[PDB]
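Structure first, then comments.
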Amino acid sequence: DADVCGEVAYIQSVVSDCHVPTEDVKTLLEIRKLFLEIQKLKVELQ
Amino acid sequence: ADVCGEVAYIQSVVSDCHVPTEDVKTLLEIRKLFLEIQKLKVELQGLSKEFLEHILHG
Amino acid sequence: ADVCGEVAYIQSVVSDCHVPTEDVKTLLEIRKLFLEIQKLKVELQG
Amino acid sequence: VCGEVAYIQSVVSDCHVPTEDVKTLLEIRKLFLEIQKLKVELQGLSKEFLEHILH
Amino acid sequence: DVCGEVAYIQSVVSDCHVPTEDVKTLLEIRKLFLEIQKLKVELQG
Amino acid sequence: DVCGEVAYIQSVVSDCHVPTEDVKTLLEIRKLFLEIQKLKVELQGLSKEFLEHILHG
Amino acid sequence: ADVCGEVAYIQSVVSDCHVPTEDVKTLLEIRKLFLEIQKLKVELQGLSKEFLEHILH
């Protein structure tokens, strides 16, 4: 309820403050996650 | 009763936010991506330390 | 009998919601995302 | 590989339901079950937190 | 290594005489079905 | 080095002379096949464990 | 906040490579798919060995 709407409202405030389009934020975070996942996989394999 | 009741409950919560559904999805996806990056960094330091401890005391 | 019966069962349940299938999928995706965020916060701060 | 694909094709064709509907319906069922698993894991993490406090 | 792996998968897929997008869709349906079974067993246990 | 990693992947993909979207699709099919095998193995293990837990417990 | 800082950090690294963002994403996806196939093969041999050990002991 207020836990869900308050959480969404908080994320919206933070994203708006960056002045970066939301689709760019998502793409850039996806690239960082992919890079870290590749590092973790290499470590696990060795 | 359980599946349809669950969907009806989520719909009530989402409608009360007065935020477009695709925005709610995008914002939660961004928060999840950020937290997953933090967890991956913790797991990487933890694997490196665990491997070193196994070497030093094994 | 196993696969077709499973599909037929899910179809009956979804139809009984009286909500378009793509809305059911979207709403369940939002609930899953919210719960996954809570779990990640607990794992990181504990 | 080819035998596996041919088998899945036979089963899906026998349902007389469009392939994209089969995929969507199975995805909805999986999402519902994953929400239940997440709720169980969250009560489990809360219990683990309480046990750390008590002992 | 990488190119040899890709060339091998291409040979196997071509031998099925099934469009690549259908192979992907059918394997996705099989995986979804098995994942549902695994989730049901984990939830009761 | 992030840029070095990207440049390395680009060199390997270019050398295959296969469109990037085909490389991605073919690797996705191979991954899906192996994941199905792993799920079948896990399900036989869980099924056996369930039966045993019921019979003796 | 911390995400504004994280976003600019990733942008700084990606811009330095002078490769379009969608290419960076695609190339990293291909590398991840390749490594995931290798990990799945290792997990499958481990599950097979674990099954044999349960039989022997």
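Numbering starts fresh at 1 for the residues of each chain in the structure tokens, the chains themselves are lettered A, B, ... in the order given, and ligands are numbered from 1 as they appear.
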
Using only C-alpha atoms, which chain C residues lie at most 9 Å away from chain D, written as an MDAnalysis selection string? chainID C and resid 1 3:8 10:11 14 21:22 24:25 28:29 31:32 35:36 38:39 42:43 46

Residue neighbourhood range 17-30 of chain F, 8 Å, only C-alpha atoms, exclusion window fewer than 4 positions, as a list in words: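 Counting only C-alpha atoms, the residues come to residues 6, 9, 10, 20, 23, 24 and 27 of chain E; 13 and 34 of chain F; 26, 29, 30, 33, 34 and 37 of chain G.
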
Tell me which protein, DNA and RNA residues are within 12 Å of residue 5 in chain F, counting only C-alpha atoms, leaving out same-chain ones fewer than 3 positions away, and put them as number ranges by chain. A: 35, 38-39; F: 1-2, 8-12; G: 14, 17, 24, 27-28, 30-32

Limited to N, CA, C and O atoms, could you put the picked residues into a file as an mmCIF file, in the first residue's frame?
```cif
data_model
loop_
_atom_site.group_PDB
_atom_site.id
_atom_site.type_symbol
_atom_site.label_atom_id
_atom_site.label_comp_id
_atom_site.auth_asym_id
_atom_site.auth_seq_id
_atom_site.Cartn_x
_atom_site.Cartn_y
_atom_site.Cartn_z
ATOM 1 N N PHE A 35 28.748 -6.837 -17.139
ATOM 2 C CA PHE A 35 30.196 -6.828 -16.934
ATOM 3 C C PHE A 35 30.588 -7.550 -15.637
ATOM 4 O O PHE A 35 31.460 -8.419 -15.678
ATOM 5 N N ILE A 38 30.039 -11.367 -15.831
ATOM 6 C CA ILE A 38 31.099 -11.991 -16.634
ATOM 7 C C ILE A 38 32.314 -12.251 -15.736
ATOM 8 O O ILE A 38 32.894 -13.339 -15.814
ATOM 9 N N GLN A 39 32.667 -11.262 -14.865
ATOM 10 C CA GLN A 39 33.780 -11.357 -13.913
ATOM 11 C C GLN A 39 33.529 -12.480 -12.929
ATOM 12 O O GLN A 39 34.426 -13.293 -12.726
ATOM 13 N N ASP F 1 40.164 -4.252 -17.725
ATOM 14 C CA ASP F 1 39.892 -3.124 -18.612
ATOM 15 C C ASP F 1 38.669 -3.418 -19.487
ATOM 16 O O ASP F 1 38.702 -4.320 -20.330
ATOM 17 N N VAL F 2 37.580 -2.667 -19.238
ATOM 18 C CA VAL F 2 36.267 -2.751 -19.892
ATOM 19 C C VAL F 2 36.379 -2.632 -21.416
ATOM 20 O O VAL F 2 35.848 -3.490 -22.123
ATOM 21 N N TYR F 8 38.132 -7.197 -27.453
ATOM 22 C CA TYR F 8 38.450 -8.618 -27.602
ATOM 23 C C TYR F 8 37.245 -9.392 -28.146
ATOM 24 O O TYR F 8 37.409 -10.132 -29.118
ATOM 25 N N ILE F 9 36.042 -9.212 -27.537
ATOM 26 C CA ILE F 9 34.807 -9.885 -27.975
ATOM 27 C C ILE F 9 34.514 -9.528 -29.437
ATOM 28 O O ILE F 9 34.209 -10.420 -30.233
ATOM 29 N N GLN F 10 34.660 -8.226 -29.788
ATOM 30 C CA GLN F 10 34.445 -7.721 -31.149
ATOM 31 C C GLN F 10 35.343 -8.429 -32.176
ATOM 32 O O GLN F 10 34.851 -8.801 -33.239
ATOM 33 N N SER F 11 36.636 -8.642 -31.838
ATOM 34 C CA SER F 11 37.622 -9.330 -32.688
ATOM 35 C C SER F 11 37.209 -10.774 -32.961
ATOM 36 O O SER F 11 37.255 -11.209 -34.111
ATOM 37 N N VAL F 12 36.799 -11.504 -31.900
ATOM 38 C CA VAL F 12 36.366 -12.900 -31.960
ATOM 39 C C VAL F 12 35.108 -13.044 -32.832
ATOM 40 O O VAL F 12 35.089 -13.878 -33.743
ATOM 41 N N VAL G 14 31.853 3.775 -20.559
ATOM 42 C CA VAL G 14 31.300 3.449 -21.886
ATOM 43 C C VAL G 14 31.701 4.480 -22.968
ATOM 44 O O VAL G 14 32.064 4.081 -24.081
ATOM 45 N N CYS G 17 35.323 4.139 -24.468
ATOM 46 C CA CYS G 17 35.560 3.050 -25.428
ATOM 47 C C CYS G 17 35.246 3.442 -26.884
ATOM 48 O O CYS G 17 35.757 2.799 -27.807
ATOM 49 N N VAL G 24 28.025 -2.485 -27.155
ATOM 50 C CA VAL G 24 28.639 -2.846 -25.869
ATOM 51 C C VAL G 24 27.741 -3.902 -25.213
ATOM 52 O O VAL G 24 28.221 -4.990 -24.891
ATOM 53 N N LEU G 27 27.714 -7.317 -27.297
ATOM 54 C CA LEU G 27 28.990 -8.020 -27.144
ATOM 55 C C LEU G 27 29.139 -8.653 -25.756
ATOM 56 O O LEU G 27 29.531 -9.823 -25.667
ATOM 57 N N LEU G 28 28.741 -7.919 -24.686
ATOM 58 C CA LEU G 28 28.784 -8.442 -23.316
ATOM 59 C C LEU G 28 27.780 -9.593 -23.151
ATOM 60 O O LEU G 28 28.076 -10.559 -22.454
ATOM 61 N N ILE G 30 26.883 -11.751 -25.531
ATOM 62 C CA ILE G 30 27.487 -12.896 -26.232
ATOM 63 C C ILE G 30 28.546 -13.578 -25.352
ATOM 64 O O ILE G 30 28.552 -14.808 -25.240
ATOM 65 N N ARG G 31 29.415 -12.775 -24.718
ATOM 66 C CA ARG G 31 30.455 -13.263 -23.811
ATOM 67 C C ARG G 31 29.815 -13.990 -22.623
ATOM 68 O O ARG G 31 30.260 -15.089 -22.286
ATOM 69 N N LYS G 32 28.750 -13.393 -22.023
ATOM 70 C CA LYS G 32 28.019 -13.982 -20.892
ATOM 71 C C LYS G 32 27.380 -15.319 -21.286
ATOM 72 O O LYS G 32 27.510 -16.284 -20.541
#
```

9 Å contact set for residue 1 in chain D, only C-alpha atoms, chain neighbours under 5 positions out, as a list in words: residues 6 of chain D; 12, 13 and 16 of chain E; 33 of chain F

Near chain A, which residues of chain G fall within 9 Å when you count only C-alpha atoms, and what do they look like as a list in words? residues 1, 2, 3, 4, 5, 6, 7, 8, 10, 11, 14, 21, 22, 24, 25, 28, 29, 31, 32, 35, 36, 38, 39 and 42 of chain G

Please identify all residues of chain B having at least one atom at most 10 Å from any atom of chain G, considering only C-alpha atoms, and return them as JSON, numbers by chain. {"B": [30, 31, 34, 37]}
